[PDB]
file coords-v9.cif (mmCIF, C-alpha atoms and all ligand atoms)
data_structure
#
loop_
_atom_site.group_PDB
_atom_site.id
_atom_site.type_symbol
_atom_site.label_atom_id
_atom_site.label_comp_id
_atom_site.auth_asym_id
_atom_site.auth_seq_id
_atom_site.Cartn_x
_atom_site.Cartn_y
_atom_site.Cartn_z
ATOM 1 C CA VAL A 3 37.357 61.319 2.954
ATOM 2 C CA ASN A 4 39.281 58.184 1.922
ATOM 3 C CA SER A 5 42.120 56.049 3.284
ATOM 4 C CA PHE A 6 44.987 57.146 1.000
ATOM 5 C CA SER A 7 47.892 58.641 2.956
ATOM 6 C CA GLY A 8 50.976 60.690 2.162
ATOM 7 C CA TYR A 9 50.059 61.792 -1.368
ATOM 8 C CA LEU A 10 51.046 65.087 -2.952
ATOM 9 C CA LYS A 11 48.083 66.869 -4.537
ATOM 10 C CA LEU A 12 48.766 67.865 -8.154
ATOM 11 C CA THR A 13 45.315 69.048 -9.298
ATOM 12 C CA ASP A 14 41.725 68.979 -8.062
ATOM 13 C CA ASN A 15 41.582 65.194 -8.603
ATOM 14 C CA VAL A 16 45.117 63.873 -9.365
ATOM 15 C CA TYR A 17 47.412 62.851 -6.505
ATOM 16 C CA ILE A 18 50.905 61.305 -6.618
ATOM 17 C CA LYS A 19 53.219 59.386 -4.269
ATOM 18 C CA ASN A 20 56.522 57.496 -4.370
ATOM 19 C CA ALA A 21 55.311 54.000 -3.522
ATOM 20 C CA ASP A 22 55.194 50.387 -4.640
ATOM 21 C CA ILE A 23 51.662 49.945 -5.996
ATOM 22 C CA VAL A 24 51.662 46.372 -4.654
ATOM 23 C CA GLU A 25 52.364 47.411 -1.058
ATOM 24 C CA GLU A 26 50.029 50.387 -1.380
ATOM 25 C CA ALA A 27 47.213 48.115 -2.570
ATOM 26 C CA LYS A 28 47.633 45.621 0.284
ATOM 27 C CA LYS A 29 47.257 48.427 2.865
ATOM 28 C CA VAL A 30 44.356 50.536 1.530
ATOM 29 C CA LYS A 31 42.431 47.715 -0.179
ATOM 30 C CA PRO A 32 41.016 50.249 -2.660
ATOM 31 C CA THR A 33 37.828 49.684 -4.598
ATOM 32 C CA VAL A 34 39.877 49.736 -7.822
ATOM 33 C CA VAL A 35 43.552 49.057 -8.481
ATOM 34 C CA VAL A 36 44.710 49.653 -12.058
ATOM 35 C CA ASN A 37 46.981 47.136 -13.762
ATOM 36 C CA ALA A 38 49.368 48.080 -16.581
ATOM 37 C CA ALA A 39 48.089 45.229 -18.740
ATOM 38 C CA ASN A 40 48.862 44.031 -22.247
ATOM 39 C CA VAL A 41 46.184 42.904 -24.698
ATOM 40 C CA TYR A 42 46.743 39.224 -23.816
ATOM 41 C CA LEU A 43 46.613 39.836 -20.046
ATOM 42 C CA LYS A 44 49.978 38.066 -19.776
ATOM 43 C CA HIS A 45 51.223 39.481 -16.476
ATOM 44 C CA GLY A 46 54.898 38.677 -16.842
ATOM 45 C CA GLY A 47 56.798 41.760 -15.699
ATOM 46 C CA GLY A 48 56.495 45.388 -14.677
ATOM 47 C CA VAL A 49 53.473 46.412 -12.597
ATOM 48 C CA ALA A 50 51.514 43.488 -14.062
ATOM 49 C CA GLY A 51 54.078 40.836 -13.172
ATOM 50 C CA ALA A 52 54.385 42.318 -9.685
ATOM 51 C CA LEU A 53 50.637 42.578 -9.039
ATOM 52 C CA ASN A 54 50.087 39.038 -10.277
ATOM 53 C CA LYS A 55 52.864 37.667 -8.040
ATOM 54 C CA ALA A 56 51.164 39.270 -5.031
ATOM 55 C CA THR A 57 47.960 37.327 -5.876
ATOM 56 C CA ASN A 58 49.912 34.039 -5.929
ATOM 57 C CA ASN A 59 49.126 33.786 -9.702
ATOM 58 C CA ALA A 60 45.337 33.920 -9.157
ATOM 59 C CA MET A 61 45.211 37.063 -11.318
ATOM 60 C CA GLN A 62 46.836 35.157 -14.195
ATOM 61 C CA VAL A 63 44.481 32.172 -13.827
ATOM 62 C CA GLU A 64 41.437 34.468 -13.933
ATOM 63 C CA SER A 65 42.930 36.408 -16.845
ATOM 64 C CA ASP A 66 43.570 33.291 -18.933
ATOM 65 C CA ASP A 67 39.917 32.303 -18.557
ATOM 66 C CA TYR A 68 38.868 35.844 -19.556
ATOM 67 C CA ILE A 69 40.977 35.750 -22.739
ATOM 68 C CA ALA A 70 39.835 32.229 -23.636
ATOM 69 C CA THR A 71 36.237 33.494 -23.537
ATOM 70 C CA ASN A 72 36.568 37.031 -24.917
ATOM 71 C CA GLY A 73 39.793 37.260 -26.902
ATOM 72 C CA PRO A 74 42.397 39.986 -26.511
ATOM 73 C CA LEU A 75 41.733 43.522 -25.384
ATOM 74 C CA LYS A 76 42.324 46.527 -27.635
ATOM 75 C CA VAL A 77 45.293 48.807 -27.106
ATOM 76 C CA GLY A 78 43.668 51.709 -25.267
ATOM 77 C CA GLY A 79 41.009 49.402 -23.822
ATOM 78 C CA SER A 80 40.327 47.784 -20.481
ATOM 79 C CA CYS A 81 38.418 45.163 -18.577
ATOM 80 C CA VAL A 82 37.288 44.875 -14.959
ATOM 81 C CA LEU A 83 38.308 41.689 -13.164
ATOM 82 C CA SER A 84 38.722 40.685 -9.529
ATOM 83 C CA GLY A 85 41.144 42.564 -7.312
ATOM 84 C CA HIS A 86 41.887 39.315 -5.431
ATOM 85 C CA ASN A 87 43.670 40.048 -2.113
ATOM 86 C CA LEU A 88 44.712 43.538 -3.273
ATOM 87 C CA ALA A 89 41.493 45.451 -4.016
ATOM 88 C CA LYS A 90 37.830 44.839 -4.685
ATOM 89 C CA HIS A 91 38.387 45.131 -8.450
ATOM 90 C CA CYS A 92 41.333 45.312 -10.821
ATOM 91 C CA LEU A 93 40.915 47.534 -13.868
ATOM 92 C CA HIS A 94 43.292 46.066 -16.465
ATOM 93 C CA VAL A 95 44.165 48.965 -18.791
ATOM 94 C CA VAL A 96 46.279 48.603 -21.939
ATOM 95 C CA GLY A 97 48.412 51.638 -22.647
ATOM 96 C CA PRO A 98 50.487 51.675 -25.833
ATOM 97 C CA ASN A 99 53.823 49.848 -25.585
ATOM 98 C CA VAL A 100 56.422 52.035 -27.321
ATOM 99 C CA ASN A 101 58.822 49.086 -27.406
ATOM 100 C CA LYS A 102 56.246 47.471 -29.747
ATOM 101 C CA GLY A 103 55.738 50.523 -31.998
ATOM 102 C CA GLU A 104 52.230 51.463 -30.835
ATOM 103 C CA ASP A 105 50.670 54.896 -31.336
ATOM 104 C CA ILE A 106 51.276 57.104 -28.298
ATOM 105 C CA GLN A 107 48.022 58.932 -29.097
ATOM 106 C CA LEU A 108 46.305 55.835 -27.693
ATOM 107 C CA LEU A 109 47.533 56.836 -24.230
ATOM 108 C CA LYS A 110 44.640 59.296 -23.880
ATOM 109 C CA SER A 111 42.139 56.572 -24.781
ATOM 110 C CA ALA A 112 43.752 54.321 -22.162
ATOM 111 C CA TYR A 113 43.367 56.941 -19.430
ATOM 112 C CA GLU A 114 39.722 57.547 -20.416
ATOM 113 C CA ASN A 115 38.937 54.137 -18.908
ATOM 114 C CA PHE A 116 39.688 55.611 -15.465
ATOM 115 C CA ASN A 117 36.664 57.937 -15.765
ATOM 116 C CA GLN A 118 34.322 54.973 -15.307
ATOM 117 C CA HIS A 119 35.466 54.687 -11.655
ATOM 118 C CA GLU A 120 35.026 57.331 -8.969
ATOM 119 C CA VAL A 121 38.335 56.561 -7.185
ATOM 120 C CA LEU A 122 41.355 54.522 -8.323
ATOM 121 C CA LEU A 123 44.907 53.575 -7.396
ATOM 122 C CA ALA A 124 47.006 53.536 -10.566
ATOM 123 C CA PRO A 125 50.458 53.510 -12.170
ATOM 124 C CA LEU A 126 51.493 55.861 -14.935
ATOM 125 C CA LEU A 127 50.242 54.177 -18.084
ATOM 126 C CA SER A 128 52.868 53.242 -20.668
ATOM 127 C CA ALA A 129 55.668 54.116 -18.224
ATOM 128 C CA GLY A 130 58.386 51.706 -17.161
ATOM 129 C CA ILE A 131 58.869 48.766 -19.530
ATOM 130 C CA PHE A 132 56.136 50.115 -21.831
ATOM 131 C CA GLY A 133 58.699 52.707 -22.935
ATOM 132 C CA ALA A 134 56.829 56.029 -22.833
ATOM 133 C CA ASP A 135 58.082 59.180 -21.111
ATOM 134 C CA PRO A 136 56.549 59.180 -17.592
ATOM 135 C CA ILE A 137 56.397 62.994 -17.570
ATOM 136 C CA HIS A 138 54.142 62.815 -20.629
ATOM 137 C CA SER A 139 52.093 60.005 -19.076
ATOM 138 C CA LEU A 140 51.454 62.272 -16.080
ATOM 139 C CA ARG A 141 50.413 65.177 -18.325
ATOM 140 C CA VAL A 142 47.932 63.009 -20.247
ATOM 141 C CA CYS A 143 46.598 61.617 -16.967
ATOM 142 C CA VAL A 144 45.949 65.069 -15.506
ATOM 143 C CA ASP A 145 44.377 66.322 -18.749
ATOM 144 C CA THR A 146 42.167 63.221 -19.255
ATOM 145 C CA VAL A 147 41.121 61.713 -15.919
ATOM 146 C CA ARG A 148 38.344 63.579 -14.105
ATOM 147 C CA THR A 149 37.706 61.052 -11.333
ATOM 148 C CA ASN A 150 39.927 60.804 -8.247
ATOM 149 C CA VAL A 151 43.206 59.072 -9.111
ATOM 150 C CA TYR A 152 45.967 58.166 -6.648
ATOM 151 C CA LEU A 153 49.138 57.576 -8.666
ATOM 152 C CA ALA A 154 51.969 55.380 -7.357
ATOM 153 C CA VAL A 155 55.458 55.898 -8.801
ATOM 154 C CA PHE A 156 57.832 53.099 -7.792
ATOM 155 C CA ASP A 157 61.121 54.886 -8.450
ATOM 156 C CA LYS A 158 61.961 57.589 -5.917
ATOM 157 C CA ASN A 159 64.202 59.365 -8.423
ATOM 158 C CA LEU A 160 61.450 59.437 -11.049
ATOM 159 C CA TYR A 161 58.875 60.626 -8.511
ATOM 160 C CA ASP A 162 60.966 63.663 -7.557
ATOM 161 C CA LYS A 163 61.471 64.462 -11.232
ATOM 162 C CA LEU A 164 57.723 64.084 -11.813
ATOM 163 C CA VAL A 165 56.924 66.396 -8.910
ATOM 164 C CA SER A 166 59.657 68.932 -9.638
ATOM 165 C CA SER A 167 58.770 69.155 -13.345
ATOM 166 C CA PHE A 168 54.982 69.255 -12.954
ATOM 167 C CA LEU A 169 53.273 72.271 -14.474
HETATM 168 O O1 LIG B 1 56.421 53.538 -10.957
HETATM 169 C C1 LIG B 1 57.351 53.123 -11.686
HETATM 170 O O2 LIG B 1 58.570 53.171 -11.410
HETATM 171 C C2 LIG B 1 56.944 52.499 -13.027
HETATM 172 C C3 LIG B 1 56.028 51.265 -12.843
HETATM 173 N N1 LIG B 1 56.700 50.381 -11.885
HETATM 174 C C4 LIG B 1 56.152 49.892 -10.757
HETATM 175 O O3 LIG B 1 54.993 50.129 -10.420
HETATM 176 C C5 LIG B 1 57.030 49.012 -9.900
HETATM 177 N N2 LIG B 1 58.387 49.045 -10.032
HETATM 178 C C6 LIG B 1 59.162 48.267 -9.263
HETATM 179 CL CL1 LIG B 1 60.867 48.374 -9.504
HETATM 180 N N3 LIG B 1 58.761 47.408 -8.320
HETATM 181 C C7 LIG B 1 57.404 47.380 -8.182
HETATM 182 N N4 LIG B 1 56.667 46.609 -7.306
HETATM 183 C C8 LIG B 1 55.313 46.858 -7.465
HETATM 184 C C9 LIG B 1 55.146 47.797 -8.453
HETATM 185 C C10 LIG B 1 56.466 48.148 -8.923
HETATM 186 C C11 LIG B 1 55.661 50.598 -14.169
HETATM 187 C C12 LIG B 1 54.349 50.724 -14.680
HETATM 188 C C13 LIG B 1 54.002 50.118 -15.904
HETATM 189 C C14 LIG B 1 54.961 49.384 -16.627
HETATM 190 C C15 LIG B 1 56.271 49.259 -16.125
HETATM 191 C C16 LIG B 1 56.620 49.865 -14.902
#
call {"tool": "encode", "arguments": {"input": "coords-v9.cif", "output": "structure tokens"}}
result
Amino acid sequence: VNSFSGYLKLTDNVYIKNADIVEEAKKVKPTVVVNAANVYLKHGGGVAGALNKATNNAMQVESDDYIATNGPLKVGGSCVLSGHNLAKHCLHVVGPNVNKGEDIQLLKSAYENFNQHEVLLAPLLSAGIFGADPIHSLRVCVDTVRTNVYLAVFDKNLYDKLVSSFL
């Protein structure tokens, strides 16, 4: 039993809800919140810009130190950093950005990072400003993640489409 509330169950381990991941994080304080990161951990917009704003820019400060030490992530890769006031940890995961021309096949590799964590709160990778089809992102998620994932979809209209079109 966990603290997540109001989710629709899609499969044995994948759950979905119309919610702002920022507000959802502040309430549950999950062990892991997933960020829709880019390879530079520049959290300017989308989920990343919103999550960072909620940490009063502490996420960005920590991220800049991480990049200065380690260099950029790989597309499809991840790193674990602090969750600040939102969660114990933040798993920064880089899905392919279609608006940059990146291989959508890397979306599966991106979701594989979730399997290193027993329970996560997450957005649909490569959705939103990353330019991929959210219906596809959901399909890859369900077919790749085996741990317990609680997916937050900001747009109510998109959520209903995701639910109503789910196979
Ligand atoms: O779920 C969605 O719609 C897509 C998702 N967007 C959000 O998570 C989101 N949208 C709005 Cl508008 N306000 C927000 N506040 C806190 C979060 C948040 C997303 C994910 C990755 C890249 C780009 C977009």
call {"tool": "resolve_selection", "arguments": {"input": "coords-v9.cif", "expression": "the PyMOL selection byres (((chain A and resi 164) around 12) and not hetatm)", "output": "ChimeraX atom specification"}}
result
/A:10,12,17-20,126,135-141,153-163,165-169
call {"tool": "residues_near_ligand", "arguments": {"input": "coords-v9.cif", "ligand": "ligand LIG 1 (chain B)", "cutoff": "10 Å", "atoms": "all atoms listed in the file", "output": "JSON, numbers by chain"}}
result
{"A": [19, 20, 21, 22, 23, 24, 25, 26, 27, 37, 38, 39, 40, 47, 48, 49, 50, 51, 52, 53, 54, 55, 56, 96, 97, 99, 124, 125, 126, 127, 128, 129, 130, 131, 132, 133, 134, 136, 153, 154, 155, 156, 157, 158, 159, 160, 161]}
call {"tool": "axis_aligned_box", "arguments": {"input": "coords-v9.cif", "around": "region 114-123 of chain A", "padding_each_side": "8 Å", "output": "lines of an AutoDock Vina configuration file"}}
result
center_x = 39.6
center_y = 55.8
center_z = -13.8
size_x = 26.6
size_y = 20.4
size_z = 29.2
call {"tool": "resolve_selection", "arguments": {"input": "coords-v9.cif", "expression": "the PyMOL selection byres (((chain A and resi 5) around 12) and not hetatm)", "output": "compact mmCIF listing (two decimals) with C-alpha atoms, in the frame of the given file"}}
result
# COMPACT_ATOMS: atom_id res chain seq x y z
CA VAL A 3 37.36 61.32 2.95
CA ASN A 4 39.28 58.18 1.92
CA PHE A 6 44.99 57.15 1.00
CA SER A 7 47.89 58.64 2.96
CA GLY A 8 50.98 60.69 2.16
CA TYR A 9 50.06 61.79 -1.37
CA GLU A 26 50.03 50.39 -1.38
CA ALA A 27 47.21 48.12 -2.57
CA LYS A 29 47.26 48.43 2.86
CA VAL A 30 44.36 50.54 1.53
CA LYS A 31 42.43 47.72 -0.18
CA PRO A 32 41.02 50.25 -2.66
CA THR A 33 37.83 49.68 -4.60
CA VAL A 121 38.34 56.56 -7.18
CA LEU A 122 41.36 54.52 -8.32
CA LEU A 123 44.91 53.58 -7.40
CA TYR A 152 45.97 58.17 -6.65
call {"tool": "closest_residue", "arguments": {"input": "coords-v9.cif", "among": "A:36, A:76, A:16, A:11", "to": "residue 150 (chain A)", "atoms": "all atoms listed in the file"}}
result
A:16
call {"tool": "residues_around", "arguments": {"input": "coords-v9.cif", "residues": "residue 64 (chain A)", "least_positions_apart": "6", "cutoff": "10 Å", "atoms": "all atoms listed in the file", "output": "PyMOL selection string"}}
result
chain A and resi 43+83-84+86
call {"tool": "atom_distance", "arguments": {"input": "coords-v9.cif", "atom1": "CA of residue 68 (chain A)", "atom2": "CA of residue 149 (chain A)"}}
result
26.5 Å
call {"tool": "resolve_selection", "arguments": {"input": "coords-v9.cif", "expression": "the PyMOL selection byres (((chain A and resi 111) around 10) and not hetatm)", "output": "list in words"}}
result
residues 77, 78, 79, 80, 95, 96, 97, 98, 106, 107, 108, 109, 110, 112, 113, 114, 115, 116, 142 and 146 of chain A
